[PDB]
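**Q** Sharing a structure, written as C-alpha cells. Questions coming.
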Amino acid sequence: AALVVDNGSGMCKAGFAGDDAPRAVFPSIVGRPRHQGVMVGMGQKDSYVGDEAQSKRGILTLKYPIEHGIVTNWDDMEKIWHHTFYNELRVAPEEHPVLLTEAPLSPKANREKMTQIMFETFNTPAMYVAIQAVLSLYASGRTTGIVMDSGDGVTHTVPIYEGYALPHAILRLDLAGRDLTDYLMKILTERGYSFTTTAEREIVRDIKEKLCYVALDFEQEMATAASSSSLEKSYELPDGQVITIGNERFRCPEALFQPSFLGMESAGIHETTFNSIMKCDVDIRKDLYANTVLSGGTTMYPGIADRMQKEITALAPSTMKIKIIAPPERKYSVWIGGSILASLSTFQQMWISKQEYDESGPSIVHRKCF
Amino acid sequence: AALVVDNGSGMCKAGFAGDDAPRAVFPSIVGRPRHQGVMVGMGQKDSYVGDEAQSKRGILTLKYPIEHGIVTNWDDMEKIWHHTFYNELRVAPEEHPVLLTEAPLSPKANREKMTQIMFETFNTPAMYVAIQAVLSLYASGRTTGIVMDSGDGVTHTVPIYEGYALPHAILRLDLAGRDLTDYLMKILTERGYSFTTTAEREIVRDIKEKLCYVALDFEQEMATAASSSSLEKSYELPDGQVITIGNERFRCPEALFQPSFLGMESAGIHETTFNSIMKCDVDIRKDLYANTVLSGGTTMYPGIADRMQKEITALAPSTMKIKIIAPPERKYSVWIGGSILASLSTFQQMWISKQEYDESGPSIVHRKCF
Amino acid sequence: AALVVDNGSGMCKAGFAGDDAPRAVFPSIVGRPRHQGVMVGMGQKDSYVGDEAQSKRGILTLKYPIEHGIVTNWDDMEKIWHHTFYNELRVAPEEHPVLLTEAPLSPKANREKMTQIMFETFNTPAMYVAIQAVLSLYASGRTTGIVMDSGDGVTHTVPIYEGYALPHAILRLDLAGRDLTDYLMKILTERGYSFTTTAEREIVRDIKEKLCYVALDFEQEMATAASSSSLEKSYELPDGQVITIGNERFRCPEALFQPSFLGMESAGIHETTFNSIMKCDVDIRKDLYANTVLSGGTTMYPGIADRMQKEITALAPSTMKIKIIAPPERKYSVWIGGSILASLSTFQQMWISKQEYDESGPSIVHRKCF
Amino acid sequence: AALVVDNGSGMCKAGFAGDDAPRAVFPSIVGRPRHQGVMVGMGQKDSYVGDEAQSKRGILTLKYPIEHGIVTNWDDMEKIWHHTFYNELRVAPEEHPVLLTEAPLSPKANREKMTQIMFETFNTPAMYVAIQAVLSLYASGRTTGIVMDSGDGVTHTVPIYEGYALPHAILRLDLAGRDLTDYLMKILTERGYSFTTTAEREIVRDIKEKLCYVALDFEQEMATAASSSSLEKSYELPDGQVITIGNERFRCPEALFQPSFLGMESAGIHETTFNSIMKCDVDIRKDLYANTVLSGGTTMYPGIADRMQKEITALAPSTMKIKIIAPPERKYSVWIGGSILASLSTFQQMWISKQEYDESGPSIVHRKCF
Amino acid sequence: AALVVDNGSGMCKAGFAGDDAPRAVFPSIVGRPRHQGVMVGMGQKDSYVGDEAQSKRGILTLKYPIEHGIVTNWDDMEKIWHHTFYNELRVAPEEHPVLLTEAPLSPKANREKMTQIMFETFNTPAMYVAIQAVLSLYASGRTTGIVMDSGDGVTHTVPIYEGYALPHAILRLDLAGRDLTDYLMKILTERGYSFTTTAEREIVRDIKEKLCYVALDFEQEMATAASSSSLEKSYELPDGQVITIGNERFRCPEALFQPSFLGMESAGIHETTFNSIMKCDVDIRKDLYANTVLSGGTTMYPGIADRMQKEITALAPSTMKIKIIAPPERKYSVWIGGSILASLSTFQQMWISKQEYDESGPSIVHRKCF
Ligand SMILES: Nc1ncnc2c1ncn2[C@@H]1O[C@H](COP(=O)(O)OP(=O)(O)O)[C@@H](O)[C@H]1O
Ligand SMILES: Nc1ncnc2c1ncn2[C@@H]1O[C@H](COP(=O)(O)OP(=O)(O)O)[C@@H](O)[C@H]1O
Ligand SMILES: Nc1ncnc2c1ncn2[C@@H]1O[C@H](COP(=O)(O)OP(=O)(O)O)[C@@H](O)[C@H]1O
Ligand SMILES: Nc1ncnc2c1ncn2[C@@H]1O[C@H](COP(=O)(O)OP(=O)(O)O)[C@@H](O)[C@H]1O
Ligand SMILES: Nc1ncnc2c1ncn2[C@@H]1O[C@H](COP(=O)(O)OP(=O)(O)O)[C@@H](O)[C@H]1O
Ligand SMILES: [Mg+2]
Ligand SMILES: [Mg+2]
Ligand SMILES: [Mg+2]
Ligand SMILES: [Mg+2]
Ligand SMILES: [Mg+2]
C-alpha cells in the first residue's frame, strides 16, 4: 500500500492509500525545553513533536517548521516526517511509495528538498508530489470547479475545467488560520485577556476553533452584540479561569472577508474567488460559479458557506447560479483526494522511483507541477 | 442509399440522398487543448470536432480547416469527414456512394485531394463532386437563374440558362460570413466590448446570427439609430454579462453591399449579381433578372431580399422584372439540391467508381467541372 | 392534297396547295449549343430549328444552311425540311406530292440534290421544282410582267411575256435582306451600338423590319435628319435597353438603290430592272414597263414602290407608263403562286413521280428550268 | 514640330513628328485614393495618372478611361492628355499641331469629342485624326497589305490595296490584351493564385507580358506540359512571394486563336484575317496574302507570327504565298506611322485648323474617315 | 504655444509643442491612504498623484485610472490631468490648445469624455485628439511604415502607406508592460520572493526595467542559464534586502513573443506585425517590411530589435529586406510626434475650438479617427 502524507502549515495528516480518513492527524510543531532539568533519571528528551509537544507545552517553546506554506526549518521538517513514519503510522518508509502534497505557486526548492529527503533520508522506493487543489477536487468527485483551499499558512484559489488547470488564474491570499489566531490574540486584549507565549497561542487557537463563527451580515451582528448579550460565550482556560468573549467570536473570521482588519491590502476570500473566476475564459465561468469547492480547516467556521454564497452572488451577474460546495469532511479533503489518487490504476505509472531520481536528479520531480 | 455531404467553410451538412433536410449539421471546426491536463483518469482527447469542440471551447483553440473555401489543413479535413461518417451519420463509408460539393473557380488540387481521400482513406465505392450553385438551382426546381451563394468563406454568382452554365460570367466576391463576423468583432470595440479569442469569435457569430439585419435604406437607418433608441437590442453572454448593440446590428450586414467597410475594393453583392448578369448574352438577361436565387447562410439576414431587389432594380433597366427568390430553407439549398441530384435515375451513371479511379487517376474527377 | 414549300435563304414557308397563305412560316436557321450543359435531366437536344432555335438563341450559335440562295449545308437543309414536314405541317411526306421552289440561274446540283433528298430521304410520291418568279407572276394573276424578287439571299429580275420567259434578260443582284442586315449592324456602330453575335444579328434584323424605310429623295431626307430630330425612333432591346436611330432608318434600305454603300460595283434594283427590260425586244418593253411586279420580304420597306416608280420613270422614256405592282401580300407571293400552280388541273401532269426518277435519274428534274 | 499622340486603351504613346520612337510611353490609367489620409503635410493629390498612378497603386483604385477602344470617361481622358502635354512631353499644346489616332468603325462622337477637347481645352492650332491601320502601314513602308492591329482594347483587320481602303472588308474582333489579362487572372485560380484588385490586374498583365507565348501546336504543347515540367516558369510577386505557372503560359494567348475559351462566339485572329481577305476582290487577295502586317502590343507574344503563318496557310489555297510581316518595333508601329505621316510635305495641307473648326464645326473633322 | 499630453496606461508625458522631449514624465497613478492618521497638524491629503504617490507608496493604495488603454475611473483621470496642468507644467489650461493622444480601435466614449472634460472642466480654447501610431510615425520622419507601439496597457500594429492608414489591417494585442510586470511577479515566487501589494508591484516594475532583456534564442538562453550562473543579477530592495534573479530576466520579456506563457491564445508581437503586413495590399508589403517602427516603453528591452528582425525574417519571404527601426528615444516617440504635429502650419486649422464644440457637440470630435 502507498502512504499519503498531507503536510500543512498547521497539521500533518498521514495515512494509507485506500482509506477514507487520515490515520494520524497531529499538530506540525516541534517543542524544545526552555528550562533546565534538575531531576536525575527523568526521560527528558531534546525535542518533542506533535501531540507529545502539545501535552508538555507548559515547559516548551513551540515552533512551526512551516510558515506561510514555506518550510523555514528542514531539520524540524525531517523530525516531523520521522515522527509521522515511525511513531504515528508505525511503518517502514522504505517499503511503501509516498504521496506528498504541496500548494501551487510554491518555490521549486521546496519540492526538490522534499524529494531529496524522501529518497536519501527515508529511502522510499517511489514518491510523488501532488497539488493540493487537484486532490481537493478528487475528493469531491469532480473534474470542474474552483477550489478555495484555506489552511493554516496560506489561501489559494485554483480553477480547474474538465481536468485542465488554468495556472494564470490561480490566486494566492497570504492569510489563513494562523493569521486569524494572531488576530484573535490581539483583539482579546481589548477585554483584558493577555496571551503571549506559544502555548497561549495554542490555547487561543482552541478558542477560535470552538467559539468563532462567520456572521452573515457583519454590521447587523455588531449592532446585535452591542445591544444585548446573547452572543457572549464562556471558555475555561487550562488553569480553571473562565473568559467571556462576545463580538470577537465573529470579528476574528471577518478578517477572511476584510483583510484590512489585519492591515493587509489584499481582497477577501470572496473577491479572490471572484477575481480568479474572472481571469478564466468566459465560456467556463458559468461552470466555475456552480462548483466553488471549499477546502481546509479555515473553511470550517459555521456560516462561511452562506456568507461566501451571499458575497459571490453580490459580485457575479444575477443570472449566474452561485453554488458553494462545502462538504462536512472538507478539513481532510486534500488527504482524501490523495488517497483516491494513490489508489487509481492509471496513477500507478506516475510514481517517481528512486532509480529515475538517481539517473536524472531533481529535474524529474516537476510532474504536473503548476 | 447515397451520402450527401456539403462541406462549407463554416458548417458541414451531411445526410442521406432522398431526405429533405441534412441529418447532421455541425460546425466545421477542430479544437485542441491549449492548457495542460492535471487530473488523472480524465478522458482528455487530443482534439475535438464539431459540436464537442463547441461545447468545450473554453479550454480549446478552435481552427477552421477551410478558409475562403480553400482547405488549408487536410488532416483536420479528414478528421471532420471521419467525425461526419462515424459519429454523426454513423454509417460505413465503404458501403455508400458519396456526393460531395465544391465552389466554382476552385483549385483543381482541391477536388483531386477530395477524391484521393474518399477513395483511399474511407474506401467509398463510388463518388461524385458537384458544383454548389447547380445544386442550389436543383433545390428550387429551376433550370434557369443566377445563383448568388454566400456562405462562410466566399460568395459566388453563377448564371445558368436552360441547364447551360456560363462560366465566363461567374463572379467571385471574397467576402462572406466569416468576414462579417470579424467586422462585427471590430465594430463592437466602439462600445467597449472586447472579443479576441476563437471562442469569443464563436460568441460574436452567435450575436450576428441572432441580432443583425439588413437595412432597406442605410443612411435613414443610421439617422434613426442616432436619434432615438428603438433599434438597441440586448444579448446575454455565456457568463451572464449583458451587452447592448444599436446600429452595429445593421452595420455588419451592410458590408455585403459596401465592401469598402472592410477595406475591400470589390463591389457589393448586388453589383456583383448585376455585373454577372451583364456578362451574359442579351437574350438571357431578362430570364436571369426574374430568377435571382439566394443561397447560403449569409443570405439569411432579415431584409436582404428586399434590399437586393431594390439595388438590382436601381441598376437594371426599368422595364425589367427583378425577382429575388429567397426560400426559407435556403441555408440548406445546396445540400437539398445534392439530395435531389443523388436520387435521380439519370444521375446513377455519373458516379466515379473506384475502378475508374484506379485505372485512370485524378484526371477523371473533373466531370461537369466549371 | 399537295405540299407547297418555299425555301428561301431566310424564311421557310410551308403549306397545302389550295390555301391562300402559308401554314408554317419560320426562320430557316439551325441553332447549336455553344456552352456545356451542367444540369442532369434537362431535355438538351443537339440542335434546334426555326422558332425553337430563335427562342433559345441566347445559348446557341445560329447558322443559315442557305447563303446567297446556295445551300452550303445539306444536312442542316434536311433538318429544316424534317422540321417542316413533321413539326410544322405535321404530315407524312410519303403521302403528298411536294412542290419546291428555286431561283433562276441557280446551280443544277441544287435542284438535283433537292430531288434526291425528296425521293430518297422523305420518299415523296411525286415532286416538282418551280421557278420563284413564275410563281410570283401566278400570284398576281398575270402572264406578262417583269418580276423583281428580293428575299434574304439574292435579288432577281425575270421578264416574262405572254407566258414566255426571256432567260437572256434575267438579271441577278447579289444583294438582299441579309446584306442589308449586315450593313445596318455596321452603321449602328456609329452611334456606339455593338451587335456582333448571330443572336444580335437576329435582333438587328428585327430592328430593320420594324424601323427602316425607303426615302423618296435621299439627300433631302439626309438634310432633314441632320437639321431636326423628327426621324429618330426608339427600340427596346430584349434586355430592356433602349437604342435610338435616326438616318440609319433610311440609310440601310438605300443600299438597295446605291450598292456602292456596301462596296459593291453593281447597279441598284431600279437600274437592274431597267437593264433587264432593255435586254428584251423593243415590242414587249411597253408591257414590261406597266407590269413591274415586286416580290419578297426585302420589297416590304415603306416607300419602296414610290421610289422604284420615280427611278424607273427617270430612266425610261417619258411616253412610257411606269406601273409598279406591289401587293400587300408580296412577302408570300412565291408561295401563293406555288399554291395556285399546284391546284391547276393542267399541272397535274407535270409532277415528276418516283418511278420516272428511278428509271431516268437526275436528268429528268430539269422541267421548264431556266 | 507636330505632336504625335497614339491613345490606346492601355498605353499612351506621345512624341514629336520626325522622331523614330515615342518619347513618352505610359499606362493610360487614372488612380484615385481609396483610403483616408491621416498625416498632415503630405502632398496627397486627388488623382494620379500614368506611371505615378502605377507606382502608388497599392493605395489607389485604378481606372482605364478607354474600354474596348471607347472612351467611357472624358474627364479622365482630359486628365491623361494634360499629363501627356505638360508632364511627359513638357510642351505647350497651343504651339504645335496634334496628330491623334483612332480605330476604324469607331463612333463618330469619339472623333468629335476629341476635336472639341483639342480645340477648346488645349487650344491647339491645327489638328488631325488618322486611322491607326493606315499609320501601321506607313510604318512598314507599304501601300498594300492587310493590317491586323491588336492592342489592349480591340483587334481590327483592315485591308488596303495601292493606298485604297476596302472598308466593307474591315473586320473587328472585340478581344485584345485586356481580355487576355482577365483570362490569365481567371486561369491562375486553378493553381490557387488569387488576383482580384486593379493593382493585382496590373501584376497579372506584367506576368502575361513576361511569361506568355503562343504554341505552334496547342494540343502537342498541352501534352508536353502534362507529361514533363520543362515549361514551368517562376515569377516573383512585389511582396517577394514566388508563383509558378505551366500551361497557362500558352493557354492565355491561345484565346486569340480560340475565342471560345473566353465564352466568345467569334473566330480567332487567323480566321478573322482570312475572312477579311476573302471579302476583298479576287484580284487583290494574292497581294494581301503576301503582306499581312501585325501591329500592336498583343502581337508581341513569342511565336505568334509562326502560328499565324501556319493557320492562314491552312486556310488559304496551297498556291498562295502567305507572308506574315512582324517587325520587332510593331508595338509602336501606329505611332511611328503617325510620325512619318506628320513629316510629309504632302500632308501639311490636311491639318484641320482652328479657324476651319470655328467656321464649320464638328462636320469637318471626318477627313479620310473609314 | 500648444500643450502636448500623451496619456498612457502607465506614464503621463506632458510638454509644450516645439520641444524635443516631454517636460513632465510621471506615473499615471493615484494613491490613497489605507491607514488612519493619528498625528495632528500633518498635511495629510486625501489623495496623491504621480511621483508624490510614488514616494509615499508605503502607506498608500495605488490605482491606475487607465487599464488596458481604457479609462476605468474618470475622476482619477481628471485628478491626473489637473496634476499635469497645475503641478507639473504649471500653466493655465484655458490659455493653450491641448493635443491629446489615443490608441486606435478605442471606444468612442473615450474620446468624447476627453473632449467634454477638456472643454468643460479645464476650459481649453482649442483641442485635438491624435492617433498615437501616426504620431510615432511623425517622430521618425516617415510617411510609410508599420508602427508597433507597446506601452503599459495594450500593443497595436498600425500600417500606414504614403500617409494613408489601412484600418482594416490594424491589429491589437492585449498584452503590454503591465502584463509583463504581473508575469514577473508570478515567476519571482519560484525563487521564494513574494510581491503582492501595489507598492511591491511598482518595485517589480523597477526590477523589470533594470534587469530584463530579450534573448535572441530562447532555448539556448535557457540552457545557458541552467548550466552556468553568468546570467544571474542582483537587485537591492528598498529595505536593503538583496534578491538574485537568473532566467527570469529573459523569461518575462519572452511572453511578448510567446503569449501562451500568460495563458493567452494570441500570437506574439512578431507574428502580429507579420499578420498586419499580410492584411495589406501586396504592393505595399515590401515598403512595410523595410519600415517596421518600434514605439513605446515595452519596446525598450535590450535585444528586442534583433529578436524582432530574426522572427520577421523567418516569417517573411527570403527576398524581402526586413528592417526594424528602433530609435533610442522611442519611449517618447508618440509625444515627440505630437510635438512635431502641433508645430505644423498645416495643422493650425484642425484644432477643434470651443465654439465648434458648443455648436456641434461630441460628434465633431472624430477627426481623422480610425
Ligand atoms: N472548526 C474549526 N473552525 C475554525 N478553524 C479551524 C477549525 N478546525 C481547524 N481550524 C483551523 O484550520 C487551520 C489548519 O487546518 P488545515 O486545513 O489542517 O491546515 P494545513 O493544511 O495548513 O495544516 C488551523 O489554523 C486551525 O486553527
Ligand atoms: N440567421 C443567420 N443570419 C445571418 N447569418 C447567418 C445565419 N445563419 C448562419 N449564418 C452565417 O452563415 C455562414 C455559413 O453558412 P453556410 O451557408 O453553412 O456556409 P458554408 O456553406 O460555408 O458552411 C456563417 O458565417 C454564419 O455566421
Ligand atoms: N417588313 C419588312 N421590312 C423590311 N424587310 C423585311 C420585312 N419583312 C421581312 N423582311 C426581310 O426579308 C428577308 C427575307 O424575306 P423572304 O422574302 O422570306 O426571303 P427568302 O425567300 O429568301 O426567305 C429578310 O432578310 C427580312 O429581313
Ligand atoms: N511583350 C508582350 N507580350 C504580350 N503582350 C504584350 C506585350 N507587351 C504589351 N502587351 C500587351 O499589349 C496591350 C496594349 O498594347 P498597345 O499596342 O499599346 O495597345 P493600345 O494601343 O490599346 O494601348 C496590353 O494589354 C499589354 O498587355
Ligand atoms: N527600459 C525599459 N525596459 C523595459 N520596459 C520598460 C522600460 N522602460 C519602461 N518600460 C515599460 O513601459 C511601460 C509603459 O511605457 P509607456 O510607453 O510610457 O506606456 P504608456 O504609453 O502606456 O504609458 C511600463 O509598463 C514600463 O514597465
Ligand atoms: Mg492544507
Ligand atoms: Mg456553402
Ligand atoms: Mg424568296
Ligand atoms: Mg493601339
Ligand atoms: Mg503609450
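In chain A, numbers come from Swiss-Prot; the residues present are 6-375, in order.
Note: Cβ is positioned from N, Cα and C throughout, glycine not excepted.
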**Q** According to Swiss-Prot, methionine (R)-sulfoxide sits on which of A:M16, A:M47, A:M82, A:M355?
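**A** Per Swiss-Prot, the residue annotated as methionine (R)-sulfoxide is A:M47.
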**Q** Which one of A:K84, A:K118, A:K336, A:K359 gets the tag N6-methyllysine in Swiss-Prot?
**A** A:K84
**Q** What residue among A:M44, A:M305, A:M313 has an entry for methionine (R)-sulfoxide in Swiss-Prot?
**A** A:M44
**Q** Could you check Swiss-Prot and say which of A:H40, A:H73, A:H161 is marked as tele-methylhistidine?
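**A** My reading of Swiss-Prot gives A:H73.
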**Q** Mind giving me a neighbour count for A:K84 (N6-methyllysine)? Other Cβ atoms within 10 Å of its Cβ, every protein chain shown.
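**A** Step by step: centre on the Cβ of A:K84 (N6-methyllysine), count other Cβ atoms within 10 Å, giving 17.
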**Q** Can you give me the Cα-Cα distance between A:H73 (tele-methylhistidine) and A:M44 (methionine (R)-sulfoxide) in Å, rounded to a whole number?
**A** 39
**Q** Measuring Cα to Cα, how many Å separate A:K84 (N6-methyllysine) from A:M47 (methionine (R)-sulfoxide)?
**A** 22
**Q** Can you see whether DSSP assigns A:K84 (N6-methyllysine) to helix, strand or coil?
**A** helix
**Q** With an 8 Å cut-off on Cβ-Cβ distance and a minimum sequence separation of at least 6, pull the same-chain contacts of A:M44 (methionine (R)-sulfoxide), or say none.
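**A** Listed in sequence order: nothing, so none.
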**Q** Same chain only, sequence gap of 6 or more: which residues have a CB within under 8 Å of the CB of A:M47 (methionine (R)-sulfoxide)?
**A** none
**Q** Using all protein chains in view, find how many other C-beta atoms are within 10 Å of the C-beta of A:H73 (tele-methylhistidine).
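**A** For A:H73 (tele-methylhistidine), the count of other Cβ atoms within 10 Å is 18.
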